[PDB]
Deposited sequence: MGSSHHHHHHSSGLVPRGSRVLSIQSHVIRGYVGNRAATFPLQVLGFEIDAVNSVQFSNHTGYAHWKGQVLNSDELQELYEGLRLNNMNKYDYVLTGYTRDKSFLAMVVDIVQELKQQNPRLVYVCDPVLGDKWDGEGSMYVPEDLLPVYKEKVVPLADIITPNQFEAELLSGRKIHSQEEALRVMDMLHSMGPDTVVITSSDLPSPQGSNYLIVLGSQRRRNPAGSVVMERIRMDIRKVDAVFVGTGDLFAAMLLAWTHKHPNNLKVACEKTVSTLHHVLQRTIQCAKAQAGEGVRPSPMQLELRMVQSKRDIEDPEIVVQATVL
C-alpha cells in the first residue's frame, strides 16, 4: 500500500521522514516522502542550518503528481509543521486525496508541544491550534497526540486515566476513529519510572480501549513520536481490528530501537558521562530486524 508522508528531513539524524521512511520501507510499504524542510540536523543540537518548503512549492509537487495521475494513496502521514499556511495546504491535499480515494487512511501526528517538566509548553506558533482543531483533526482517521496535545485539542486538562479516556471520547467525535495518547504523566502501579500510553478505537459501533505502562529511560530522544506514528500506521494496517496487538508491536519496536540507542550512547560517551544529542540519535539502521518482527516485551491492559 502507498503512503504519502509529509514531514521534515535532516541530513545527519533520524527525525520526521528520516524516522518514518526506512522503517515503513522495511515493512513493505511504498512510501513517498515529501520533505517539508531540509536541515543539517534536528533543532535539539547547538546549531542547525537549512531551508524550508513553502506551501506554493508543496502545491507544485502535488500538481506534478496529479498531472501524472499519481495522486492515489492508501495513506497519508503527517507530523511536525511550523507554518499555518503549509498546514492549510496539507489539509487541501488530503481533502483531495480523500475524494480521489475515499478509503484513504489519514494518519495525523498533531505536533503542538510537550510537558518538558510539569508545566506543558507549546513548540509551535499558537495560531496552528485552530487549524488543527477545525481543519486537520476532523479530517484525520488516526491521531497520535501526547498528553499535552490531547489537552490543547480538547480544551480539558488531563490528570487521571478517566479524564484521559473522556478526552479521547471528545477527539473521537471530532472525527478520528483511532486515538492514541503516545505519552503521559499518569501514574503507574509499577513505579515512578513509568510513562503511560492510552489507546482507543471505534469500529463496526464497538470500542476497544487499551493501556500500556512503559518503563522510562533517563534520556531525551528525538524522532520517537514520529517513529510511533509510523509504526502505528504500519501495525494497524496489518491488524486492523486489533488495537491491542497493533499497539504492542508499535511500542515493542520502540523498546528495541531505544534499548540499542541507549546501550550505544552510553558506550560512545563513556561509563559515567551523560550522552550528547548526537550520541542519542536512534540507531535505526541497526534495528532493521526488530522493525520487521518485533519481539513483544510489553503486554497491553484491555480497559
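In this chain the deposited sequence has gaps in the coordinates at 1 to 18, 223 to 227, listed in sequence order.
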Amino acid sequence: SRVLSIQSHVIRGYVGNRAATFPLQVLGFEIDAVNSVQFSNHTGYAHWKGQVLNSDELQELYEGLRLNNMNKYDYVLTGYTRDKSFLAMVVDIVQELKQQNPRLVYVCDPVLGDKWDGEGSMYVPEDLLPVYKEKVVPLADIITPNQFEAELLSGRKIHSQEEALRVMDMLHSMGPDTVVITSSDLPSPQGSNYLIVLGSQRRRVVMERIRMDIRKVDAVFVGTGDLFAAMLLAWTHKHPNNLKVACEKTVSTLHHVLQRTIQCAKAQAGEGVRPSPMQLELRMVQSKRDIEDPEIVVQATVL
From here on, numbers count along this sequence of modelled residues.
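Basically, rigid core = biggest C-alpha set you can superpose within 1.5 Å across the two forms.
Larger root-mean-square CA separation from the shown form, computed after a rigid core fit of the structures in 7 other deposited structures of this protein, is seen for 182 to 190 when 130 to 138 is set against 182 to 190. With each structure aligned by its rigid core, the stretch whose Cα atoms sit farther from this model in 7 other deposited structures of this protein, between 166 to 174 and 212 to 220, is 212 to 220.
Annotation for 71 to 79 versus 211 to 219: the higher mean temperature factor (C-alpha) is found in 211 to 219.
Once the C-alpha B-factors are averaged per stretch, 8 to 16 and 290 to 298 rank with 290 to 298 first. The residue among 37, 31, 61, 269 whose C-alpha carries the highest B-factor in the deposited model is 269. In this PDB entry, the Cα temperature factor of residue 102 sits in the top third of its chain's modelled residues, the highest group. Sort the modelled residues of the chain by CA B factor and residue 167 lands in the middle third. Remark: residue 55 belongs to the lowest third of its chain, ranked by C-alpha B-factor as recorded. In this PDB entry, the Cα temperature factor of residue 236 sits in the middle third of its chain's modelled residues. For residue 46, the recorded CA temperature factor ranks within the highest third of the chain's modelled residues.
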